[PDB]
Amino acid sequence: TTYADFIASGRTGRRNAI
Amino acid sequence: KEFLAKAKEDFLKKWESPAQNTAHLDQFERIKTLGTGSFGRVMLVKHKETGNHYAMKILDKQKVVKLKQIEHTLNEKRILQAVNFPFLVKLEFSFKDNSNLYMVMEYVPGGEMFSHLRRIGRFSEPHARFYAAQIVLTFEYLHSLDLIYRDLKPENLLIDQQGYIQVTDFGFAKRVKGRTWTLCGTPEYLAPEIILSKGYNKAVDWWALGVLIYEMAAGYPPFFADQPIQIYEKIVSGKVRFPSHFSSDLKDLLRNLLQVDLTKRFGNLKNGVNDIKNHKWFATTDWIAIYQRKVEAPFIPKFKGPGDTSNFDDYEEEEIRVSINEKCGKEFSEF
Ligand SMILES: CC(=O)c1ccc(O)c(C)c1
């Protein structure tokens with residue numbers, strides 16, 4: 001599932017601007 | 001018609017004669033760090049003479065220079081002192097010392113949208129439409145003053161005591177007539193034109209609204225991956241997938257907001273924002289009651305008291321050291 005992929009991804013924490 | 005007319009007259013006067021040096025560090029009691037990042041942190045403080053609590057953003061001038069954010073920083077404070085809108089966080093004071101820049105803002109104890117969205121998983125469409133409406137009104141206000149916001153994300157939206165949104169972080173906000181080119185923002189939220197360096201305008205903010213709305217209703221962004229380059233490839237590729245629980249109207253809105261075609265991206269066409277405001281997905285929204293804060297919030301934060309910070313994460317505290325020599329004084333002269 002996309003949700004499961006997200007949760008296991010390295011981007012679910014606060015995201016820094018570039 | 002144009003409430004914006006009045007709006008703009010008040011902004012322009014503050015814009016040309018911006019407030020400066022309106023407090024000093026010793027007038028505040030430092031309580032706890034509410035958030036941190038690139039050029040400095042945000043602290044809960046207490047105004048000694050009134051007992052009011054505030055959020056104080058501290059930027060190390062040396063770090064701002066190192067990151068080439070001087071102009072952006074002057075933009076941030078000049079604009080934030082000049083604006084006024086129900087869903088825009090208020091700047092109460094600003095000042096600077098030998099080492100840092102300080103922006104003393106309204107304390108919004110309900111924490112970040114980011115925190116509650118990740119915790120709860122995803123929002124209900126009505127719940128997400130309540131927030132979105134607030135951002136649609138804010139963007140039409142900002143864009144009417146020729147401002148681009150450029151940093152929309154749940155991390156930057158705070159939830160107040162009434163369950164309404166307060167937009168923070170004007171670090172990339174810019175008064176610009178026409179188009180601009182800076183590569184800035186957050187990878188998940190960038191519009192195609194930014195990634196492709198085509199030069200861009202306020203349309204980028206309407207795309208970002210597309211990402212936010214999707215993220216809120218689905219619980220994850222429309223474009224994600226473990227590294228930013230992959231995220232750019234996805235955004236640039238003209239393709240979006242939607243959860244099967246998204247209602248038809250919402251997919252249609254999002255298809256028009258996450259529109260790689262500027263000529264067709266919603267809010268960017270002949271009808272402007274009324275293209276968004278008039279959309280069927282917003283069918284049940286009283287835009288006026290939303291502004292006047294007369295709608296009932298879906299969610300109301302719990303705070304066991306004043307200065308209470310359970311809605312914010314814990315951050316390692318660091319001391320605020322002030323040098324004995326003035327740093328980068330000429331660069332931040334107008335702050
Ligand atoms: C992070 C930021 O800019 C911020 C601004 C106002 C505020 O009340 C809080 C809690 C944070």
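Side chains included, hydrogens not; waters and symmetry mates left out as well; all remaining heavy atoms used. Counting convention: from 1, in listed order, for ligands and their atoms alike. Here is how names work: the chains are called A, B, and so on, in the same order as the sequence lines, proteins then strands, and each is numbered from 1.
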Quick one: does B:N274's side chain have a donor or acceptor within less than 3.5 Å of a partner on B:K277's backbone?
no
Quick check on contacts: which atoms of ligand 1 are under 4.0 angstrom from a heavy atom of B:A55?
6 (C), 7 (C), 8 (O), 9 (C)
Check: of B:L44, B:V89, B:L158, B:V167, min heavy-atom distance to atom 9 (C) of ligand 1 comes from B:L158
If you compare all heavy atoms of B:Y54 against all heavy atoms of B:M105, which two are closest, and at what distance to 0.1 Å?
CB-O, 3.3 Å
What part of B:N156 sits under 4.0 Å from ligand 1 if we count only heavy atoms: the side chain, the backbone, both or neither?
neither
Strictly under 4.0 Å, does any heavy atom of B:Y54 approach an atom of ligand 1?
no
Does only the side chain of B:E106 get under 4.0 Å from ligand 1, or the backbone, or both, or neither? Count heavy atoms.
backbone
B:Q134: which residues meet the side chain to side chain contact (heavy atoms under 4.5 Å, CB included) condition with it, sequence neighbours left out?
B:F87, B:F130, B:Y131, B:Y164, B:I165, B:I290
B:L34 neighbourhood, listing ligand 1 atoms whose heavy-atom distance to it stays under 4.0 Å
10 (C)
Sub-3.5 Å N/O-N/O distance, B:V108 and ligand 1:
yes
Do B:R150 and B:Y200 have side-chain atoms, one donor and one acceptor, less than 3.5 Å apart?
yes
Atom 5 (C) of ligand 1 - nearest protein heavy atom and its distance
B:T168 CG2, 3.5 Å
Relative to the heavy atoms of B:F312, which atoms of ligand 1 are at a distance of less than 4.0 Å?
10 (C)
Within 45 degrees of the axis of the six-membered ring of B:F335 and under 6.0 Å from its centre: does B:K96 put its NZ or CZ there?
no
With a cut-off of 4.0 Å, which atoms of ligand 1 are near a heavy atom of B:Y107?
8 (O)
Any side-chain donor-acceptor pair under 3.5 Å between B:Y102 and B:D97?
yes
B:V42 neighbourhood, listing ligand 1 atoms whose heavy-atom distance to it stays under 4.0 Å
1 (C), 2 (C), 11 (C)
Pairing donors with acceptors under 3.5 angstrom, does anything connect the side chains of B:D151 and B:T186?
yes
With no hydrogens and no angle check, do the side chains of B:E125 and B:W281 hold a donor and an acceptor under 3.5 Å apart?
yes
